[PDB]
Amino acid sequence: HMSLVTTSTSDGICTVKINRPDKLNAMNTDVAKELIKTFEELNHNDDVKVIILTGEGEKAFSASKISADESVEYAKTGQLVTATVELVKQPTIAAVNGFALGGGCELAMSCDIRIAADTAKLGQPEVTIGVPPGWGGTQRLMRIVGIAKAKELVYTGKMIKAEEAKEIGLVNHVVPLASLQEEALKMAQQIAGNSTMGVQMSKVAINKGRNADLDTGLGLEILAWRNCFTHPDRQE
């Protein structure tokens, strides 16, 4: 179904793995709901400080004859899992180990930081079926890579390698697969070394001010800044 295992310094680095390698870690509603409950619906426990999310099998991160009314609930489940991943307390590092197409790519775009392997191919092929990307791909892909590249990808519904994904910023870095998880830990243990209060107030400020004008975002930032100043992490 889904795996979790935690160790780091303080050992609060939690690797979360999608466990369906027989079907290329494809995401159905069961995987979405289990992801929602693993990310605990907009919070977490206090042991974990950084989350590294990937899919087992070393081949794919994650790669409808239905009831037009039921597709609204389907897209709602997708939106809910993407928001639960996107707004979790700790930072998330998406280790894209191979294919990330459709929902999978959307999942990858819900995370804060993406470290892809030189074997990773991303895309949104929903438009080849007759549907748009229904789990936030029409919005998050734009907000990450620019309207031009997002439009190109969604219109063509094509697949792009991790190198051009790094070129357009869809992934933060590209490393060899053999080193992928290694790098995924190396960044995480770096974020875990910093103050959790500062890191996660920064995350709240960023995730809230991405949707507002500069003045409102600065208000969010100053409020989070005072909040962190009321914390012992600042003085020690």
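So that there is no doubt, residue numbering starts at 1 and follows the sequence shown.
Per the record, residue 63 and residue 64 are separated by 4 to 9 deposited residues that are missing from the model. Here the stretch with the larger average CA B-factor, out of 199-207 and 37-45, is 37-45.
The mean Cα B-factor in the deposited entry runs higher for 124-132 than for the other of 124-132 and 78-86. Set against one another, the Cα B-factors of 170, 192, 174, 26 in the record reach their highest point at 26. Each of 94, 72, 101, 142 has a CA temperature factor in the record; the biggest one is found at 72.
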